[PDB]
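Take a look at the following structure, please.
All of the numbers you see were taken from the coordinates with simple rules; none came from a lab. All Cβ positions, even for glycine, are placed from backbone atoms using ideal geometry, and neighbour counts span all protein chains on display.
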Amino acid sequence: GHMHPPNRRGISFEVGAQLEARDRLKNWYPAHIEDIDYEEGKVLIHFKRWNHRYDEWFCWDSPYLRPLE
């Protein structure tokens, strides 16, 4: 019952792909897609250099994801 990833300009939904995301404190940082959950339509975000215990799942339609550019 996979759902289909959206088509978003400047974002590739692949493991290892780069983008920017806003953390819980509402700051944007560069990030990489660690995993993609086709089941629930989410992506595990790893912020560069962070301890991986701080990785966060984001709905892939999330406004708090955006391209590197």
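Keeping to region 39-69, report how many residues are assigned to a strand (DSSP E or B) and without any contact (Cβ under 8 Å) to a residue 40 or more places away in the chain.
Residues in region 39-69 being assigned to a strand (DSSP E or B) and without any contact (Cβ under 8 Å) to a residue 40 or more places away in the chain: 10 in total.
If you don't mind, there's one more thing I want to ask. Output yes when any residue across region 30-38 is assigned to a loop (DSSP other than H, G, I, E, B), free of Cβ contacts under 8 Å to residues at least 40 places away in the same chain and not hydroxyl-bearing (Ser, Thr, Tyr), and no when none is.
No; the residues of region 30-38 include none that is assigned to a loop (DSSP other than H, G, I, E, B), free of Cβ contacts under 8 Å to residues at least 40 places away in the same chain and not hydroxyl-bearing (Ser, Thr, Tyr).
Next up: Restrict the check to region 12-23 and report whether at least one residue is exposed (fewer than 15 other Cβ atoms within 10 Å of the Cβ), in contact (Cβ under 8 Å) with a residue 40 or more places away in the chain and under 9 Å from the mean Cα position of the chain (by Cα). Steps first, answer last, please.
Within region 12-23, the subset exposed (fewer than 15 other Cβ atoms within 10 Å of the Cβ) is 12, 14-18.
Applying the additional criterion that residues be in contact (Cβ under 8 Å) with a residue 40 or more places away in the chain yields 18.
Adding the requirement that they be under 9 Å from the mean Cα position of the chain (by Cα) leaves 18.
Within region 12-23 (the criterion being exposed (fewer than 15 other Cβ atoms within 10 Å of the Cβ), in contact (Cβ under 8 Å) with a residue 40 or more places away in the chain and under 9 Å from the mean Cα position of the chain (by Cα)), the answer is yes, since at least one residue qualifies.
Could you count how many residues in region 1-19 are assigned to a strand (DSSP E or B) and over 21 Å from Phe47 (Cβ atoms)?
0
Name the residues in region 26-56 that are closer than 22 Å to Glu69 by Cβ and loosely packed, with under 15 Cβ neighbours inside 10 Å, would you?
Listed by number, the residues that qualify are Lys26, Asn27, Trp28, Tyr29, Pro30, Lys48, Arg49, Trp50.
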